[PDB]
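Below: model-v9.csv (CSV, C-alpha atoms)
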chain,number,residue,atom,x,y,z
A,55,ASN,CA,0.0,0.0,0.0
A,56,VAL,CA,2.9,2.4,0.8
A,57,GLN,CA,4.3,1.7,-2.7
A,58,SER,CA,0.9,2.0,-4.4
A,59,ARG,CA,0.3,5.4,-2.9
A,60,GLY,CA,3.9,6.3,-3.7
A,61,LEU,CA,3.3,5.8,-7.4
A,62,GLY,CA,0.1,7.8,-7.0
A,63,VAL,CA,2.1,10.9,-6.1
A,64,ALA,CA,4.9,9.9,-8.4
A,65,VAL,CA,2.7,10.0,-11.6
A,66,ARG,CA,1.4,13.4,-10.3
A,67,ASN,CA,5.0,14.6,-9.8
A,68,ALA,CA,6.4,13.5,-13.1
A,69,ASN,CA,3.4,15.2,-14.8
A,70,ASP,CA,4.3,18.4,-12.9
A,71,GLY,CA,7.9,18.0,-14.2
A,72,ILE,CA,6.5,17.7,-17.7
A,73,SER,CA,4.3,20.8,-17.3
A,74,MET,CA,7.2,23.1,-16.2
A,75,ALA,CA,9.3,21.8,-19.1
A,76,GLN,CA,6.5,22.6,-21.7
A,77,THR,CA,5.7,26.0,-20.1
A,78,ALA,CA,9.3,26.8,-20.7
A,79,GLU,CA,9.1,25.3,-24.1
A,80,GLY,CA,6.1,27.5,-24.9
A,81,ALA,CA,8.2,30.6,-24.3
A,82,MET,CA,11.0,28.9,-26.1
A,83,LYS,CA,9.1,29.1,-29.3
A,84,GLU,CA,8.7,32.9,-29.1
A,85,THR,CA,12.4,33.6,-28.3
A,86,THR,CA,13.5,31.7,-31.3
A,87,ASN,CA,10.9,33.4,-33.5
A,88,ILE,CA,12.3,36.8,-32.3
A,89,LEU,CA,15.8,35.6,-33.1
A,90,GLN,CA,14.8,34.6,-36.6
A,91,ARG,CA,13.2,38.1,-37.2
A,92,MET,CA,16.4,39.8,-36.0
A,93,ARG,CA,18.6,37.7,-38.3
A,94,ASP,CA,16.5,38.1,-41.4
A,95,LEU,CA,16.2,41.9,-40.7
A,96,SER,CA,19.9,42.3,-40.1
A,97,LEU,CA,20.5,40.5,-43.4
A,98,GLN,CA,18.3,43.2,-45.1
A,99,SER,CA,20.4,46.0,-43.6
A,100,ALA,CA,23.7,44.4,-44.7
A,101,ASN,CA,23.3,46.0,-48.1
A,102,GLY,CA,24.7,49.3,-49.2
A,103,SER,CA,21.4,50.2,-50.9
A,104,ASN,CA,20.0,51.6,-47.7
A,105,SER,CA,21.4,54.8,-46.3
A,106,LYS,CA,22.2,55.5,-42.7
A,107,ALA,CA,18.7,56.6,-42.0
A,108,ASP,CA,17.3,53.2,-42.9
B,271,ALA,CA,20.7,80.7,-37.2
B,272,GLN,CA,16.9,81.1,-37.6
B,273,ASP,CA,14.5,78.4,-36.4
B,274,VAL,CA,11.8,77.5,-38.9
B,275,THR,CA,9.1,74.8,-39.0
B,276,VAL,CA,6.3,73.6,-41.2
B,277,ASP,CA,3.9,76.1,-39.6
B,278,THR,CA,6.2,78.9,-40.5
B,279,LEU,CA,6.8,77.4,-44.0
B,280,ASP,CA,5.9,80.2,-46.4
B,281,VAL,CA,6.4,79.9,-50.2
B,282,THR,CA,5.6,83.2,-51.9
B,283,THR,CA,9.0,83.9,-53.5
B,284,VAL,CA,11.2,81.4,-55.3
B,285,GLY,CA,13.7,81.5,-52.4
B,286,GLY,CA,11.0,80.5,-49.9
B,287,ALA,CA,10.2,77.5,-52.0
B,288,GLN,CA,13.7,76.2,-51.8
B,289,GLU,CA,13.5,76.4,-48.0
B,290,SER,CA,10.1,74.6,-48.0
B,291,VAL,CA,11.3,71.5,-49.9
B,292,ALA,CA,14.2,71.1,-47.4
B,293,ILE,CA,11.9,71.7,-44.4
B,294,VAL,CA,9.3,69.1,-45.6
B,295,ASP,CA,12.1,66.6,-46.0
B,296,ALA,CA,13.1,67.1,-42.4
B,297,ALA,CA,9.4,66.7,-41.3
B,298,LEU,CA,8.9,63.6,-43.5
B,299,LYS,CA,12.1,62.0,-42.1
B,300,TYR,CA,10.9,62.7,-38.5
B,301,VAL,CA,7.4,61.3,-39.3
B,302,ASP,CA,8.9,58.2,-41.0
B,303,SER,CA,11.2,57.7,-38.0
B,304,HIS,CA,8.4,57.7,-35.5
B,305,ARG,CA,6.3,55.5,-37.9
B,306,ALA,CA,9.1,53.0,-37.7
B,307,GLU,CA,9.1,53.3,-33.9
B,308,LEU,CA,5.4,52.6,-33.7
B,309,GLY,CA,5.9,49.7,-36.2
B,310,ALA,CA,8.5,48.2,-33.9
B,311,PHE,CA,6.0,48.6,-31.0
B,312,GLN,CA,3.4,46.8,-33.1
B,313,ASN,CA,6.0,44.1,-33.9
B,314,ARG,CA,6.8,43.7,-30.2
B,315,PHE,CA,3.3,43.0,-28.9
B,316,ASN,CA,2.2,40.7,-31.7
B,317,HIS,CA,4.9,38.4,-30.4
B,318,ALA,CA,3.6,39.0,-26.9
B,319,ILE,CA,0.1,37.7,-27.6
B,320,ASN,CA,1.1,34.3,-28.8
B,321,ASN,CA,3.8,34.2,-26.1
B,322,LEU,CA,1.3,34.8,-23.3
B,323,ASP,CA,-1.1,32.4,-25.1
B,324,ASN,CA,1.6,29.7,-25.0

Any chance you could give the structure as structure tokens?
Amino acid sequence: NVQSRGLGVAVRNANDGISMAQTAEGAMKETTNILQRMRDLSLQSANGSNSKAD
Amino acid sequence: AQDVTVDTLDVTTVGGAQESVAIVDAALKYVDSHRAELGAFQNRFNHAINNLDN
């Protein structure tokens, strides 16, 4: 019985560990999206076509 | 040095017109610069929606 209840809180615990990993992973998607936007935009500015104002 | 703006922009002689075209370019550059700043603000929060949604 001690073991049986132990797995009862263990499945709850491992799910909690999953939830915190995917909450981080949710914000992980946005930060990489921001990085892609910066890189594509910096590639645009690498030309000499745009003046200093651009 | 005389301070002039778009409100004080007067074109009744040919010389005034040459001042006006330069003045309008300064005003347009300022407007475009703040348009870009608002655009950056728009491009910040649109990533904030789906971030907070995640």

Do me a favour and pick out the residues of chain B within 8 Å of chain A, using all atoms listed in the file, as a compact mmCIF listing (two decimals) with C-alpha atoms, in the coordinates of the input.
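After the write, iface-v3.txt holds the following:
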# COMPACT_ATOMS: atom_id res chain seq x y z
CA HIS B 317 4.90 38.40 -30.40
CA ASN B 320 1.10 34.30 -28.80
CA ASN B 321 3.80 34.20 -26.10
CA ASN B 324 1.60 29.70 -25.00

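Reported to one decimal place, the separation of CA of residue 103 in chain A from CA of residue 296 in chain B is 20.7 Å.
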
Inset, instruction - Rounded to one decimal place, report the CA of residue 310 in chain B-CA of residue 293 in chain B distance in Å. - result: 26.0 Å

Write out as a PDB file with C-alpha atoms, keeping the file's coordinate frame each polymer residue whose atoms come within 12 Å of residue 277 in chain B, counting all atoms listed in the file; drop sequence neighbours fewer than 5 positions from it.
ATOM      1  CA  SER B 290      10.100  74.600 -48.000  1.00  0.00           C
ATOM      2  CA  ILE B 293      11.900  71.700 -44.400  1.00  0.00           C
ATOM      3  CA  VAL B 294       9.300  69.100 -45.600  1.00  0.00           C
ATOM      4  CA  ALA B 297       9.400  66.700 -41.300  1.00  0.00           C
TER       5      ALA B 297
END

Inset, instruction - Just give me the gap between CA of residue 323 in chain B and CA of residue 68 in chain A in Å, one decimal is fine. - result: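 The value is 23.6 Å.
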